[PDB]
Amino acid sequence: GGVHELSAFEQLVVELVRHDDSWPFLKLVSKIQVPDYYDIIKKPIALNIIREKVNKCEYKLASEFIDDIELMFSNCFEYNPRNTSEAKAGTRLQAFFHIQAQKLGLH
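Using the deposited numbering, you'd call the opening residue of the sequence shown number 1430 and step up by one each time.
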């Protein structure tokens, strides 16, 4: 495995997808299941979208990549109250994100 400019970004996305608590985040929610989601969440995003932005070389700075992941968490907590399985999973995954990002040199 070689070392490349986007290796850290790609690695973090892979680590998040593989974590058990990533299920609320893999793809955007369906408007069929959640009719009011897109009237509430102004800038929807998910791990599939973020992965593709990494693949398509769309991030110029680590801060832009980090901001997209923070947006993903922000939307989740905005729509899902603290007592939901989504928010509980999101809380753990967000900690994992901070810890793993640090290890990869992303601040």
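Ideal placement from N, C-alpha and C gives every residue a C-beta, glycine not left out.
query	result
Rounded distance between the beta-carbons of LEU1535 and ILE1479, thought under 8 Å	With a Cβ gap of about 13 Å, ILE1479 and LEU1535 do not count as contacting.
Assigned secondary structure, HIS1527 (DSSP; H/G/I helix, E/B strand, else coil)	helix
Beta carbon of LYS1460 nearer than 8 Å to that of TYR1466	yes
Residue span of the alpha helix (DSSP H) that contains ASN1512, given as start and end	From DSSP, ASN1512 is part of no alpha helix (DSSP H); its letter is neither H nor E.
Beta-carbon spacing of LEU1445, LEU1533 below 8 Å	no
When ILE1528, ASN1512, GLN1531, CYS1505 are compared against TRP1452, the one with the closest alpha-carbon	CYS1505
Per-residue DSSP class, three states only, for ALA1491	helix
Inter-residue Cα distance where the pair is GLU1507 and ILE1498	14 Å
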